[PDB]
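Engineer:
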Amino acid sequence: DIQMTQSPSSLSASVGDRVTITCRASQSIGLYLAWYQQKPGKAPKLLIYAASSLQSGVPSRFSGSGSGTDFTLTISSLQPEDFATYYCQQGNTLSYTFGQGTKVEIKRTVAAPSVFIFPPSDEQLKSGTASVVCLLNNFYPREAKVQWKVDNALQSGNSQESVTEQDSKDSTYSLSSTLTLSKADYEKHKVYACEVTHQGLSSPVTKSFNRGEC
Amino acid sequence: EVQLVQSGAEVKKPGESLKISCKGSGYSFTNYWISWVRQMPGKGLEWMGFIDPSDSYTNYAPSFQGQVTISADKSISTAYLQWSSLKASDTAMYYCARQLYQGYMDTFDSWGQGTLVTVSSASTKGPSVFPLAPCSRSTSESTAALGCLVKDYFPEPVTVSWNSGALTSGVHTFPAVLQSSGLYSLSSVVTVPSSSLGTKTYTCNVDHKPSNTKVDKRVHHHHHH
Ligand SMILES: [Zn+2]
Ligand SMILES: [Zn+2]
Ligand SMILES: [Zn+2]
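Here it is, written out as structure tokens:
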């Protein structure tokens, strides 16, 4: 089938910005391209069809252009309600196919994370497992590196992390990373550390504790 | 107004069958084709296939051919998506959409609210809740973070409040992660004045509807272990 490739995959913009997202088709689709908007948890909404035709009820700050293999969605004077993910869709031939989406996020100034480490609770240890948690709070931009070190050795394959959506008040992210060990493994080591790299930090920040001195 | 309403979220085990539905209203059901679209967690939209309700003609994307069956009951303006045998990989949000041919192409002009389908060998289980508190001598700054780790539950979701809802400012409750065990884990944190650590109590309240459980956890760090 026809492959649709969108770029960029994400971008950060300010209210009032002119935003441009592009869609490339693996072969000509003529004018048969539509654009959709989707917010988290919500159904998609049709914006534009036949490359440049505005769907009834959609604000005219949305416009589409292009033909053949290269198309653009332009949002003039981006509004607060416009932060969302956008998908192109070709309707030239079956099977119908969508681009992979472009997330339009909120631009703000660089903010370094505040970093915290939390040792496992005694209640958890009783049941045989040790979760060690590292929190990175209120940072921007989203890109951040968290490395776990145990007795000064880099860990791999034993942690998971997740990230909030942008905060409604300050547009920052927060991130939580959990290192999971068996109680037996936890009790054999001394030093537990999480090391954070972020654009807002002049050098990496490390938070640590010593088991038995915590 | 044109409206498509889909059936409620489903939690299933692999091997089970499942039929989900899409009811149209505010228009002549038989005059418009209906498509089904899959959205896997954290992923984009995938067209699955369509049906013309008038003559029941169906068409499927190559990857979905033979995998699912799309049907319609024009009698009741309802379209269906169904699987004979589910796999964990079928876990996703499913949308039905109305097709409106305009500008000489099919467009999806109206969408259902989506039906979440979770497929897992996991069994319903309420969470364990553990405190997140700093080591005794590690709070240097004027503000400190506390939290609760909500571990080993299924299915989603849990809801977390702090101090019975009295505490909302500075709370971050993170997206759940799916562990290799098949159970979910999430954390909720809050930042508070370092000075209140000895004065004020902080308790997380964790509700898990599917298991009918509720767990409160006072957050603190004991002085011996
Ligand atoms: Zn060691
Ligand atoms: Zn201690
Ligand atoms: Zn037909």
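Chains as they are written, first to last, in PDB author numbering: chain L, 1 to 214; chain H, 1 to 52, 52A, 53 to 82, 82A to 82C, 83 to 100, 100A to 100D, 101 to 217. Cβ coordinates follow ideal geometry from the N, Cα and C atoms, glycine included.
Would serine 180 (chain H) and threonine 193 (chain H) be called neighbours here (beta carbons separated by less than 8 Å)?
Structural biologist: Counting from 1 along the second sequence, the entry for residue 180 (chain H) is found at position 188. Counting from 1 along the second sequence, the entry for residue 193 (chain H) is found at position 201. No, these two residues do not count as a Cβ contact at 8 Å.
Engineer: Which parts of the stretch 102 to 152 of chain H are runs of the beta strand (DSSP E), unbroken and 3 residues or longer, counting only runs that do not cross its ends?
Structural biologist: The qualifying runs are 107 to 111, 120 to 124, 135 to 145.
Engineer: Please confirm whether any heavy atom of ligand 2 lies closer than 7 Å to the CB of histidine 215 (chain H).
Structural biologist: On the second sequence, residue 215 (chain H) is found 223 positions in, with the first residue counted as 1. Correct: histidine 215 (chain H) has its Cβ closer than 7 Å to ligand 2.
Engineer: Any idea what DSSP makes of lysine 149 (chain L), helix, strand or coil?
Structural biologist: For this step, residue 149 (chain L) is matched to residue 149 along the first sequence. Here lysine 149 (chain L) sits in strand by DSSP.
Engineer: Would you report the Cα separation of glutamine 38 (chain L) and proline 204 (chain L), rounded to the nearest angstrom?
Structural biologist: Reading the first sequence from its first residue, position 38 is the one you call residue 38 (chain L). Reading the first sequence from its first residue, position 204 is the one you call residue 204 (chain L). Rounded to whole angstroms, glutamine 38 (chain L) to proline 204 (chain L) spans 36 Å at the Cα level.
Engineer: Let me make sure I understand the geometry here. Which of H:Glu16, H:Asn31, H:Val109 has the alpha-carbon closest to that of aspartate 86 (chain H)?
Structural biologist: Numbered from 1 along the second sequence, position 90 holds the residue referred to as residue 86 (chain H). When each option's Cα is compared against that of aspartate 86 (chain H), the closest is H:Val109.
Engineer: For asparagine 204 (chain H), which three-state DSSP category applies?
Structural biologist: Here residue 204 (chain H) refers to the residue found at position 212 of the second sequence. Three-state DSSP puts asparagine 204 (chain H) in coil, outside helix and strand.
Engineer: Is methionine 100A (chain H) close to chain L, meaning its C-beta is less than 8 Å from at least one C-beta of that chain?
Structural biologist: Along the second sequence, one-based indexing puts residue 100A (chain H) at 105. Yes - at least one Cβ of chain L is within 8 Å of the one on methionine 100A (chain H).
Engineer: On a CA-only basis, which of L:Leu201, L:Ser28, L:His189 is nearest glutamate 213 (chain L)? Give me that one, please.
Structural biologist: In the first sequence, counting from the first residue as 1, residue 213 (chain L) sits at position 213. Among L:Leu201, L:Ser28, L:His189, the Cα nearest to that of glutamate 213 (chain L) is on L:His189.
Engineer: How many angstroms separate the CA atom of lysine 13 (chain H) from the CA atom of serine 82B (chain H)?
Structural biologist: In the second sequence, residue 13 (chain H) corresponds to position 13, counting from 1. In the second sequence, residue 82B (chain H) corresponds to position 85, counting from 1. Between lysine 13 (chain H) and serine 82B (chain H), the C-alpha separation is close to 9 Å.
Engineer: Strictly below 9 Å CB to CB, what residues from chain L border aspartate 54 (chain H)?
Structural biologist: Locating residue 54 (chain H) in the second sequence gives position 55, where the first residue counts as 1. Result: empty, since nearest Cβ-Cβ is about 17 Å, beyond 9 Å.
Engineer: Using the Cα positions of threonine 205 (chain H) and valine 198 (chain H), report the straight-line distance between them to the nearest angstrom.
Structural biologist: Sequence index remark: in the second sequence, residue 205 (chain H) carries index 213 (1-based). Sequence index remark: in the second sequence, residue 198 (chain H) carries index 206 (1-based). Distance between the alpha carbons of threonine 205 (chain H) and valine 198 (chain H) is about 8 Å.
Engineer: Between H:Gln64, H:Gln66, H:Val2, which lies nearest to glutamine 95 (chain H) when the distance is taken from Cα to Cα?
Structural biologist: Within the second sequence, numbered from 1, the residue matching residue 95 (chain H) stands at position 99. Out of H:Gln64, H:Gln66, H:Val2, H:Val2 has the C-alpha closest to the C-alpha of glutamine 95 (chain H).
Engineer: Check whether the Cβ of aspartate 52 (chain H) sits closer than 7 Å to any heavy atom of ligand 3, and report yes or no.
Structural biologist: Here the question's residue 52 (chain H) lines up with position 52 in the second sequence. Yes, ligand 3 has a heavy atom inside 7 Å of this Cβ.
Engineer: Counting only Cβ pairs nearer than 8 Å, list the residues of chain H close to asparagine 137 (chain L).
Structural biologist: Sequence index remark: in the first sequence, residue 137 (chain L) carries index 137 (1-based). Those are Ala137, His164, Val181, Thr183, listed as they occur along chain H.
Engineer: Just to confirm my understanding: we take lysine 73 (chain H), look at its own chain, exclude 5 residues before and 5 after, and list those with CB closer than 6 Å. What are they?
Structural biologist: Here the question's residue 73 (chain H) lines up with position 74 in the second sequence. The answer, listed in chain order, is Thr30, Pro52A.
Engineer: Name, please, each residue of chain L whose Cβ falls closer than 7 Å to the Cβ of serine 153 (chain H).
Structural biologist: As a working mapping, residue 153 (chain H) is identified with position 161 in the second sequence. Residues of chain L passing the Cβ test: none, with the nearest at roughly 17 Å.
Engineer: Quick one: which chain L residues come within Cβ less than 9 Å of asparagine 197 (chain H)?
Structural biologist: One-based indexing of the second sequence puts residue 197 (chain H) at position 205. In chain order: nothing, as chain L lies at least about 17 Å away.
Engineer: Kindly list the residues whose CB is nearer than 8 Å to the CB of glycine 16 (chain L), restricted to its own chain and excluding five residues on each side of it in sequence; keep chain order.
Structural biologist: Here the question's residue 16 (chain L) lines up with position 16 in the first sequence. The residues are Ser77, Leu78.
Engineer: Check whether chain L comes within 8 Å of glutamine 105 (chain H), counting only Cβ atoms and requiring the distance to be less than that.
Structural biologist: Your numbering for residue 105 (chain H) matches position 113 in the second sequence. Yes, because at least one Cβ of chain L sits closer than 8 Å to the Cβ of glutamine 105 (chain H).
Engineer: Looking at the C-beta of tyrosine 91 (chain H), does it have a partner C-beta in chain L at a distance below 8 Å?
Structural biologist: Taking the second sequence and counting its residues from 1, one reaches residue 91 (chain H) at position 95. Yes, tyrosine 91 (chain H) lies at the interface with chain L (some Cβ there is under 8 Å from its Cβ).
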